[PDB]
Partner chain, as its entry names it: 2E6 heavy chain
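Listed next as structure tokens is one chain, alone, in the form deposited without the partner chain.
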């Protein structure tokens, strides 16, 4: 049966019962940095059992009039165990991810989600002169959510959260060029993605650069008859893969 998987990373295990296939990156698997590509001279720290395990974020409720959510990916795990503590004492770092979105329902519910992982997703502010602040761009493992209306220009420093433009000014239907997967409640139950390290430099600072953004957008909204369960949650678990750090200094 091609409908069951089992992922194991560290001391955590994810089993699934009905699922699609797993989507890997742009075809490549996360590996370590080679010697003909490195630029720092000191030896990296590869703890690799303490930081490469599944970290579960908070759960969001899928309502009927729900528009979407987004997470900034090396920022949600900034207070998660020994991955958030290595990020503070070090200056550099590179990481690949594996992402497992899971949202279960019955055979009487209906809906559809698009789980897409976009690199370098720059967001645009509501006022056409300023830039969005840090608190509006990302919260610590809390979903910032889109809207179905337009945020007006009188809001000084907020994010433009019109969902059909996906916050970056492109058509939301054309977002299927990034590595993605659908959750169709007719057949699917969970979507799994593996992402390698994509950047123009071999190692980058993790506190002033969010190189990945995870977007979950309901294309066909949740619908059910009267009597079925109205509370349907969505849960995201992220695990780092093949992480290492350079430049050890004080805490910040």
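Residues that one form lacks are left out of the comparison. Between two forms, the rigid core is the largest collection of C-alphas that superpose within 1.5 Å. Residue numbers count along the first chain shown, from 1.
What comes next is about the form deposited with the partner chain bound, which is not displayed.
Novice: Hey, in the deposited complex, is residue 156 touching the partner chain, heavy atoms inside 4.5 Å?
Specialist: Yes, residue 156 is a contact residue.
Novice: Residue-level contact is defined here as any heavy atom of the residue lying within 4.5 Å of the partner chain in the deposited complex; does residue 82 satisfy this criterion?
Specialist: No, residue 82 stays farther than 4.5 Å from the partner chain in the deposited complex.
Novice: Give a yes/no on whether residue 147 approaches the partner chain to within 4.5 Å in the deposited complex, heavy atoms considered.
Specialist: Taking the distances in the deposited complex, the answer for residue 147 is yes, it comes within 4.5 Å of the partner chain.
Novice: Are any of the heavy atoms in residue 142 no more than 4.5 Å from a heavy atom of the partner chain in the deposited complex?
Specialist: Heavy-atom contact with the partner chain at 4.5 Å: present for residue 142.
Novice: Shifts of 2 Å or more in the Cα, rigid core superposed between this form and the one not shown, apply to only one of 145, 82, 156, 177; name it.
Specialist: Result of the comparison: 156.
Novice: Enumerate, in order of sequence, every stretch of at least three consecutive residues present in both forms where each C-alpha is displaced by 2 angstroms or more between this form and the one not shown, superposition done on the rigid core.
Specialist: Run moving 2 Å or more: only 153 to 156.
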